[PDB]
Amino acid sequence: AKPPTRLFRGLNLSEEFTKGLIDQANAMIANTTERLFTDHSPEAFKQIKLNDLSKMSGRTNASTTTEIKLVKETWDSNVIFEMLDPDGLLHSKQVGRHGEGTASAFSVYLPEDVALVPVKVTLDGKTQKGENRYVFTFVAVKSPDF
């Protein structure tokens, strides 16, 4: 199928929530993701699923795009989730354009045994409201199997 291996999704999130989201991601990046990446930790996997930073957990048809500019220039999201899926662990179905005012997209399902593991939070410019725009980069990883 050769699904796309990088997808983006944006949300408009409040200032206060976004600040807490940054802090939570960076706490996991330094402190939880390491256990998953180095020691293939089941507990660390579970904590990442439960935290669900991206709000993707359980969604079977969340809309995404391969083009980050489409997110920025359609919804002017202040928070953009960049999902790296080299193993095609997501179920990514192309939803083509169908008529006026539409755009191509990928509809995604995040299985319970796939975690979007946070790896970075990066400042990426400003929204049209003058908000700082943040990109949260994740890698999709399979539950460890011992």
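Position 1 is the first residue in the sequence shown; the rest follow in order.
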(message) Going by the mean C-alpha B-factor recorded in the entry, which is higher: 21-29 or 130-138?
(response) 21-29
(request) Name the higher of the two by mean Cα B-factor in the PDB entry, 98-106 versus 34-42. (result) 98-106
(request) Using the B-factor values recorded in the entry, state whether the Cα atom of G58 falls in the lowest, middle or highest third among the modelled residues of its chain. (result) middle
(message) Splitting the chain's C-alpha B-factors into thirds, which one does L89 fall into?
(response) highest
(message) Splitting the chain's C-alpha B-factors into thirds, which one does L50 fall into?
(response) highest
